[PDB]
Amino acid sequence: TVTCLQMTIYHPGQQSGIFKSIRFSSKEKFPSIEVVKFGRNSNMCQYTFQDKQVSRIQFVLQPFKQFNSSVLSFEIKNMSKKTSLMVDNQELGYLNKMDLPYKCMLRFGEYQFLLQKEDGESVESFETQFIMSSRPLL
């Protein structure tokens, strides 16, 4: 079994078609060497959002292994200079990083992300899933 990272997302103006590039309900497989990146640029980031307020790279999720542990954990890092990244109650500035827990709420600009880590046996690769939310998350 592979370690999945479920990412429920939300945005006020999502009806315009910001998450058209984003593929929902799909466990896309990533190796542990690779680093998942978010933003607007297509060549730099994997998951893109069509918006001017969003930076070229908003943030990055990188997998790792905690000490005395046999499962992948994820670390976040805000790459935006303008907008802050609210990892739960913690404000992450430019290039500030923090280890993500099993469940957390990410907020930037007017976006709302609800990350949720489901553990797995494999450490060589992980997976990522996306779910569109109708109501606001918080």
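Residue numbers run from 1 along the displayed sequence.
Mean CA temperature factor is higher for 44 to 52 when stretches 94 to 102 and 44 to 52 are set side by side in the entry. Looking at the C-alpha B-factors along this chain, the one for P31 belongs to the middle third. The PDB entry assigns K37 a C-alpha temperature factor belonging to the middle third of its chain's modelled residues.
Residue-level temperature factors show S21 in the highest third of its chain, judged at the C-alpha atom.
Residue-level temperature factors show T128 in the lowest third of its chain, judged at the C-alpha atom. When all modelled residues of the chain are sorted by CA temperature factor, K82 is found within the highest third.
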